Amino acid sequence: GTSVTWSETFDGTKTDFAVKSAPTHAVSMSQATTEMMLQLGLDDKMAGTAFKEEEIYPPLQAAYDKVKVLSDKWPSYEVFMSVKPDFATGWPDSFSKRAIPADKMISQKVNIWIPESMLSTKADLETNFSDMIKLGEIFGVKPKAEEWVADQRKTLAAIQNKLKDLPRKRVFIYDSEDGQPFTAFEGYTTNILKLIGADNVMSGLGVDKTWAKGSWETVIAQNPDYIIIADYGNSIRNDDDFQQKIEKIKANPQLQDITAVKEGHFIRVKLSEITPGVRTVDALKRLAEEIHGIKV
């Protein structure tokens, strides 16, 4: 009988939103929110998706195939409006002037919701769980979301039980480089890796950002045990991007005495696995096995 309510702020303008029934023409502007919605079984309520970045999480591919793709990137306002949307979600940039400004959508009575896990450097795995619950509440499927969170917690506990009394490891996340490495500092990626005893060496350095350029000097000083490398390839059956980045690191004389480099501790991830979405605990299972040598 009560409304599900929330607020968002765009360009200093705060808007209050409410729904009393599930949206029926929802548009997802980002792959991460697309996966969140598909995980909750919401394809029938979806009028469109946008900006696919990598292969859809395989359990969700068949549901993904049921939803109209509006654009390979972000759709124009006209294409967006053409599906009569009533709800939109995505990363914050989806609602900026680089895409479709939120105020234009709000003019047309579209409700906009953004996962809290995507809003600040405070975000952690619990924030992602809460976001899934909230998304569930908005769409009248709270029990489905609670069932998913419950399963994630059970699996996470199984991983952590295997890790009890194993030494923690220091890690460096290598997204890419352009002279300097681009890496993760604070927020979601750092916080979820801490759950499996993997401590981001770029965290705790006073840089309040999710991602930014770092200095190799800093990485060398921190001497990580493992280097986790984001693979930006098309197929999971192809780790060419991963291997090229390994070779780029190996070929850099400045990095040759870093522990991870000497020991060949290179670990492959997709960005979708270490940023908010539905893949986190599944990815943490694999990473825990690779970093700590356990089987869970």
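In this text, residue numbers run from 1 along the sequence as written.
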Comparing 141-149 with 173-181, where is the mean C-alpha B-factor higher? 173-181
Looking only at CA atoms, which has the higher mean B factor in the entry: 47-55 or 224-232? 47-55
From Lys154, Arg168, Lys134, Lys73, can you pick the one with the highest C-alpha B factor in the entry? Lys73
Among the candidates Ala102, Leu125, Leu119, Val201, give the one with the maximum CA B-factor reported in the record. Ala102
Entry-reported C-alpha B-factor of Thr9 relative to its chain, by third, is highest
Within-chain third of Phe129 by Cα B-factor, per the entry: lowest
Should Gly206 be placed in the lowest, middle or highest third of its chain by the C-alpha B factor in the entry? highest
Chain-wide C-alpha B factor ranking for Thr15, given as lowest, middle or highest third: highest
Can you tell me whether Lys162 has a C-alpha B-factor in the lowest, middle or highest third compared with the other modelled residues of the same chain? middle
